[PDB]
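Visitor: pasting an experimental structure, sequence included:
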Amino acid sequence: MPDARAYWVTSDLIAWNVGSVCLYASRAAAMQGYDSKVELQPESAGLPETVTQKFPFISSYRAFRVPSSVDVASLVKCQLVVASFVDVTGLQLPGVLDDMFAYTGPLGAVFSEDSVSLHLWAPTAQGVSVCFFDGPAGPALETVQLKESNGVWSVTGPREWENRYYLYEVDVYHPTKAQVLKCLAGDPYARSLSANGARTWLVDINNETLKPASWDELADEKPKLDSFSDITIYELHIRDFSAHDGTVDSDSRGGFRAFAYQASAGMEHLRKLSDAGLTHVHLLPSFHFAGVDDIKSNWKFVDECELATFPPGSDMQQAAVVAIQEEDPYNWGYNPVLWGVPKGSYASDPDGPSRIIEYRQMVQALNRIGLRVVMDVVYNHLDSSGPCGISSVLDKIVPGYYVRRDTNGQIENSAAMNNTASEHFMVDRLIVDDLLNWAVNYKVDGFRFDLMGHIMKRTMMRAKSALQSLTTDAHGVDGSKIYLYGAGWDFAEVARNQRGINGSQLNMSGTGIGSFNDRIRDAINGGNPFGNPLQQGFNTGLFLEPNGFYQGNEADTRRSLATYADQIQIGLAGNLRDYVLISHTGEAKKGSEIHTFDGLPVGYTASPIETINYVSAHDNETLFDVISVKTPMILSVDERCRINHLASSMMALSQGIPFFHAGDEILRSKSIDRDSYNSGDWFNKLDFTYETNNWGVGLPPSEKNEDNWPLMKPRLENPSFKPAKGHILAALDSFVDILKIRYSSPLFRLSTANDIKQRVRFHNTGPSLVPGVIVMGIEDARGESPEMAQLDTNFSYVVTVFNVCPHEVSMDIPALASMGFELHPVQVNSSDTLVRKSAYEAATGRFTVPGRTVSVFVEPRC
Ligand SMILES: OC[C@H]1O[C@H](O[C@H]2[C@H](O)[C@@H](O)[C@@H](O[C@H]3[C@H](O)[C@@H](O)[C@@H](O)O[C@@H]3CO)O[C@@H]2CO[C@H]2O[C@H](CO)[C@@H](O[C@H]3O[C@H](CO)[C@@H](O[C@H]4O[C@H](CO)[C@@H](O)[C@H](O)[C@H]4O)[C@H](O)[C@H]3O)[C@H](O)[C@H]2O)[C@H](O)[C@@H](O)[C@@H]1O
Ligand SMILES: [Ca+2]
């Protein structure tokens with residue numbers, strides 16, 4: 001977009017950072033060449049507080065008054081410049097468009113008894129018509145003019161318009177082309193589409209033929225959720241789930257329908273996890289995104305049997321995958337086009353109703369096996385901008401409004417590309433309207449907000465209120481149980497609240513909305529995903545087992561290990577700002593007083609429900625891969641498997657909300673791909689036969705990985721690094737056991753900061769702490785005249801020992817001596833021979849824990 005350094009902030013005020021200012025307008029975009037010239041006098045009252053609160057980054061700008069004689073509604077449809085006498089620049093219009101034309105009425109389609117209405121917000125447009133098609137691929141049948149009122153274009157037609165397909169013909173000034181262009185655009189409020197969103201389907205989302213059997217009774221069948229503190233999350237990509245599952249019919253692999261195959265290997269796997277206690281599945285982007293063709297017959301994919309013949313450390317597999325990666329069935333989907341419609345490529349038929357019905361059937365099916373469904377929502381950026389292409393919708397209709405721009409008028413791209421501006425009224429409105437669409441129309445149980453730091457906190461909080469007030473009687477869903485969390489990363493143009501108070505980790509403290517705890521992730525794994533890949537952490541051999549490629553000294557690494565242990569313990573106690581820990585110096589510190597290496601407070605939340613504890617996710621290296629990179633090369637795969645289990649167990653037995661990447665439980669590899677978003681089914685394989693974990697399938701794609709190929713190649717080629725079926729199955733068995741343990745006692749899932757401060761203590765702390773061991777005790781009411789509520793009818797105390805040392809340790813804890821501790825019944829019965837050797841001795845309060853083991857001890861009541 002061109003140079004635009006001035007802002008039209010309200011109907012009567014323009015803001016521009018100058019030290020004789022005039023406004024020029026041309027309806028034909030001919031600019032000399034203007035239709036209208038207007039002198040702007042300096043406004044001695046300056047910018048109102050409402051303006052500076054909305055746009056903090058321009059609070060220093062001088063104010064200029066637009067005379068009340070000006071027809072603002074007409075001028076915003078023109079090419080506009082302001083001039084200072086000579087400096088000429090364009091005008092950024094969102095302020096005035098909101099001030100004059102903010103609209104809360106119906107958008108998209110409204111169905112009444114005898115009519116269908118369409119409304120489009122397009123306040124800068126010179127004309128809007130609707131072009132109707134009979135059929136998803138047929139020719140235009142008729143064009144109907146819409147009428148404008150206050151920036152909204154509308155038309156009401158007969159009920160027979162239902163199930164037509166349509167597009168809007170929008171005549172609008174596009175700054176990138178310096179022309180008024182006739183753009184063919186989909187409906188921002190679309191609820192279904194033809195293939196690839198080429199046209200919008202004029203569907204009544206409430207139509208009974210779009211509901212699976214018993215859909216209206218789904219609320220009655222949903223899994224009970226007593227508390228947000230009972231949540232565990234499993235993060236899964238829809239295509240990954242079934243792309244390689246031979247127990248699913250070829251036709252139904254990779255999409256929504258595979259979730260309706262009860263006895264498939266995949267659904268049996270999810271059943272196993274759900275029955276162990278898993279509560280929520282977080283599905284990667286499942287709305288209309290670009291980068292995958294909805295027409296399956298257009299897909300190109302490599303012969304996997306061919307690629308299997310190539311050497312494990314070769315660059316040939318990735319070259320083959322990359323050659324057709326833009327035309328294959330595969331993308332994570334963080335490329336938003338239209339938020340309110342299910343992705344067509346995941347439907348059996350991308351035209352008509354199947355994408356709606358099959359999405360609903362997926363939610364129903366997951367609910368019926370005991371899993372609530374979370375959507376990964378991506379409101380922070382758009383795939384495309386500008387007037388051209390099927391994949392640009394929002395910016396095609398109202399250019400320069402839905403996207404955030406810098407102070408020169410250029411689109412901000414920190415999110416990926418085409419950052420949105422949730423600070424603008426109709427963007428905020430669309431986001432919340434979309435969330436309510438998914439909650440009511442699809443009965444979705446929660447939302448993970450991609451780049452939540454790019455979203456205004458006021459949008460997050462309004463979304464929370466709107467969702468959690470939905471009721472079964474009025475909306476068919478219990479909104480009180482809908483859970484929100486997100487990745488509250490604070491960077492680029494939204495950092496330091498520059499565009500308003502944003503959804504950063506620190507800003508979302510005390511909101512009851514969760515955020516990913518990167519502190520526990522980095523302390524466990526070591527380093528960070530964008531630092532040195534060989535930097536070790538608490539669970540990857542720092543100090544105890546140096547890898548010999550990296551390091552510092554060993555008083556360095558001993559203290560570095562202890563520093564990481566402190567960070568982990570704060571996270572294990574819900575990552576609270578006010579939780580007090582005896583730190584490794586011996587000084588007692590609040591969680592917020594302990595800092596990361598970038599000076600960030602480690603603990604920042606006001607509640608465990610605000611913490612999403614993780615070591616792995618779709619981004620960056622899988623758990624198995626990060627362990628395989630960072631640990632000494634000489635470790636056996638058997639040892640690394642125990643290390644995998646330790647990491648996932650630290651999550652599963654933490655206070656807060658545990659988050660697992662799909663495949664944590666089965667040693668999933670991507671052959672060390674750090675960003676597999678476009679790396680195809682080959683690198684992203686999820687193998688529910690358990691025969692392979694996808695280690696050693698070639699060097700991963702060069703685009704994101706080539707700099708690290710030298711460390712990857714020898715490991716990928718080393719047969720000693722590759723697990724067998726037995727290892728994979730053992731990992732799954734111990735994973736399920738640890739989930740069962742979490743759900744065996746309410747003590748692991750405390751619901752408030754007060755409860756955690758009262759009940760949770762760590763017993764291996766201070767300057768003489770034993771390296772590589774964390775001991776965590778959780779107390780319940782005991783004796784007559786109890787001190788606290790009794791939460792657990794079975795156990796009066798639980799102790800977890802995490803031992804990352806390669807050798808057995810004995811921890812003597814006097815505070816826990818002379819008690820009735822025994823190994824947890826689940827671990828007494830474990831298929832793992834080692835954990836069964838764990839023991840407690842009352843005389844000394846001694847907990848004996850084998851090397852590379854997590855041992856859970858319980859004090860039974862009576
Ligand atoms: O945003 C681009 C960036 O995305 C990924 O980066 C992740 C990162 O891996 C993850 O760890 C975290 O980073 C934070 C870190 O964890 C914190 O400790 C702290 O240090 O702050 C960090 C953030 O500053 O989050 C990052 C963002 O991830 C999330 O957002 C992404 C955008 O929605 C999404 O990225 C995926 O999708 C995009 C779009 O398809 C894709 O981008 C490709 O295409 C773009 C053209 O549109 C082009 O500009 C990019 O250059 C190209 O890569 C990403 O590759 C793909 O991962 C995340 O999935 C979502 O969770 C990623 O790892 C980086 O490689 C990438 O540069
Ligand atoms: Ca692809």
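Guide: Thanks, I have it. Residues are numbered from 1 along each chain as shown. Ligands and ions are numbered 1, 2, ... in the order given.

Visitor: got the contact list for residue 432?
Guide: Shown in contact with residue 432 (C-beta atoms under 8 Å, 6 or more residues apart in numbering): 459, 462-463, 466. C-beta coordinates here come from the backbone N, C-alpha and C atoms, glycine included.

Visitor: now swap in residue 811 and tell me
Guide: By C-beta under 8 Å, 6+ apart, the residues touching residue 811 are 763-764, 770, 773, 775, 801, 846-847, 849.

Visitor: after whichever strand or helix holds it, next one along is what?
Guide: Using DSSP states H and E, residue 811 maps to strand 809-812. Later in the chain than strand 809-812, the nearest helix or strand by DSSP H and E is strand 822-823.

Visitor: after that following strand, next one along is what?
Guide: Going down the chain from strand 822-823, the next helix or strand is helix 825-828, by DSSP H and E.

Visitor: flag every buried residue along that following helix.
Guide: 826-827 (16 or more other C-beta atoms under 10 Å).

Visitor: in the stretch 51-200 of the chain, which residue sits nearest ligand 2?
Guide: Proximity of the stretch 51-200 of the chain to ligand 2 (C-beta to the ion) peaks at residue 196, 14.3 Å away.

Visitor: ok, and the closest non-adjacent residue to that residue?
Guide: Of all residues not flanking residue 196 in the chain, residue 294 sits nearest, at 5.0 Å (C-beta to C-beta, 6 or more residues apart in numbering).

Visitor: cool, residue 144 as well?
Guide: Among residues not flanking residue 144 along the chain, residue 130 sits closest, at 5.2 Å (C-beta to C-beta, 6+ apart).

Visitor: packing partners for the helix or strand hosting the one you found?
Guide: Secondary structure assignment for residue 130, by DSSP H and E: strand 125-133. Packing contacts for strand 125-133, counted by 3 or more C-beta pairs under 8 Å, 6 or more residues apart in numbering; DSSP states H and E, involve strand 140-145, strand 152-158, strand 165-174.

Visitor: most tightly surrounded among those?
Guide: Most buried of those, by mean neighbour count (mean count of other C-beta atoms under 10 Å): strand 165-174, with a mean of 22.

Visitor: between strand 152-158 and that strand, find me the angle.
Guide: Between strand 165-174 and strand 152-158, the angle comes out at 160 degrees (axes from the mean of the first three to the mean of the last three C-alpha atoms, to 10 degrees).

Visitor: strand partners (parallel or antiparallel) of strand 165-174?
Guide: Using DSSP bridges, strand 165-174 pairs in its sheet with strand 125-133 (antiparallel), strand 179-185 (antiparallel), strand 200-201 (antiparallel).

Visitor: just these: most buried one?
Guide: Greatest burial across the strands paired with strand 165-174, using mean count of other C-beta under 10 Å, falls to strand 200-201, with a mean of 27.

Visitor: helix or strand right after that strand?
Guide: Next helix or strand after strand 200-201 toward the C-terminus (DSSP H and E): helix 218-221.

Visitor: check which residues of that next one are buried.
Guide: Here helix 218-221 shows 218-219 as buried, counting by 16+ other C-beta under 10 Å.

Visitor: who does that helix touch, helix- and strand-wise?
Guide: Using 3+ C-beta pairs under 8 Å, 6+ apart: helix 218-221 touches helix 354-368.

Visitor: any idea which helix or strand comes after the helix it packs on?
Guide: Sequence-wise, the next helix or strand downstream of helix 354-368 (DSSP H and E) is strand 372-377.

Visitor: what comes into contact with that next one?
Guide: Strand 372-377 is contacted from outside by 222-223, 225, 233, 279-287, 339, 362-363, 366-367, 434-435, 438, 444-450, 481, 483, using C-beta under 8 Å, 6+ apart.

Visitor: then stretch 534-541?
Guide: Contacts of stretch 534-541 from elsewhere in the structure, counted by C-beta under 8 Å, 6+ apart, are 522-528, 542-543, 546-547, 549-551, 557, 561, 564-565, 568, 615, 626-627, 629-632, 643, 646-647, 650, 711, 772, 804.

Visitor: again, only using 7 Å
Guide: Contact partners of stretch 534-541, identified using C-beta atoms under 7 Å, 6 or more residues apart in numbering, comprise 522-527, 542, 547, 549-550, 561, 564-565, 568, 627, 629-632, 643, 646-647, 711, 804.

Visitor: quick check, it touching ligand 1?
Guide: No - applying C-beta under 6 Å from any ligand atom, one finds stretch 534-541 out of contact with ligand 1, separated by at least 13.5 Å.

Visitor: picking that back up, most neighbours out of the contacts of residue 432, which is it?
Guide: Compared across the contacts of residue 432, residue 463 has the highest neighbour count, 25 neighbours, by other C-beta atoms under 10 Å.

Visitor: report the residue ranges of every domain in this structure.
Guide: According to curated CATH domains, the chain comprises the domains 1-99, 100-204, 205-784, 785-862.

Visitor: highest average neighbour count across those domains?
Guide: The most buried one of the domains of the chain (mean count of other C-beta under 10 Å) is domain 205-784, showing a mean of 20.

Visitor: quick one: is it near ligand 2?
Guide: Yes - on the criterion C-beta under 5 Å from the ion, domain 205-784 is in touch with ligand 2 at 325, 328, 330-331, 678.

Visitor: before we move on, the earlier item: show me the contacts of strand 372-377 that map onto strands.
Guide: Of the contacts of strand 372-377, the ones assigned to strands by DSSP state E are 233, 280-283, 287, 339, 446-449, 483.

Visitor: now the strands for the stretch 1-150 of the chain?
Guide: 6-10, 13-16, 21-26, 36-42, 62-65, 79-84, 87-92, 108-112, 115-121, 125-133, 140-145, 147-149 (DSSP state E, counting those that start in this stretch).

Visitor: which strands and helices sit next to the third one?
Guide: Spelled out, it's strand 21-26. If you count contacts as 3 or more C-beta pairs under 7 Å, 6 or more residues apart in numbering; DSSP states H and E, strand 21-26 packs onto strand 36-42, strand 79-84.

Visitor: rewinding a little: let me have the contacts of residue 432 in TSV, extended by distance to ligand 1 and secondary structure.
Guide: Shown next, in TSV, are the contacts of residue 432 (distance: C-beta to the nearest ligand atom, whole Å; DSSP: H, G, I helix; E, B strand; the rest coil):
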residue	distance to ligand 1	secondary structure
459	17	helix
462	22	helix
463	18	helix
466	23	helix
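
Visitor: just the C-alphas of the helix or strand harbouring residue 555, formatted as PDB.
Guide: Assessed by DSSP H and E, residue 555 sits inside helix 554-572. Once non-C-alpha atoms are left out, helix 554-572 reads as follows in PDB (Å, rounded to 0.1, in the frame of the first residue of the first chain):
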ATOM      1  CA  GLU A 554      30.500 -27.300  35.200                       C
ATOM      2  CA  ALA A 555      30.100 -25.000  38.200                       C
ATOM      3  CA  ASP A 556      28.400 -23.100  35.400                       C
ATOM      4  CA  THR A 557      26.300 -26.100  34.200                       C
ATOM      5  CA  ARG A 558      25.600 -27.200  37.800                       C
ATOM      6  CA  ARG A 559      24.200 -23.800  38.700                       C
ATOM      7  CA  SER A 560      22.600 -23.600  35.200                       C
ATOM      8  CA  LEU A 561      20.800 -26.900  35.900                       C
ATOM      9  CA  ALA A 562      19.700 -25.600  39.400                       C
ATOM     10  CA  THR A 563      18.400 -22.400  37.700                       C
ATOM     11  CA  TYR A 564      16.400 -24.500  35.300                       C
ATOM     12  CA  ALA A 565      15.100 -26.700  38.200                       C
ATOM     13  CA  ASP A 566      13.700 -23.500  39.900                       C
ATOM     14  CA  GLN A 567      11.900 -22.500  36.700                       C
ATOM     15  CA  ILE A 568      10.400 -25.900  36.300                       C
ATOM     16  CA  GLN A 569       9.200 -26.000  39.900                       C
ATOM     17  CA  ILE A 570       7.400 -22.700  39.500                       C
ATOM     18  CA  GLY A 571       5.700 -24.100  36.400                       C
ATOM     19  CA  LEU A 572       4.900 -27.400  38.200                       C
END
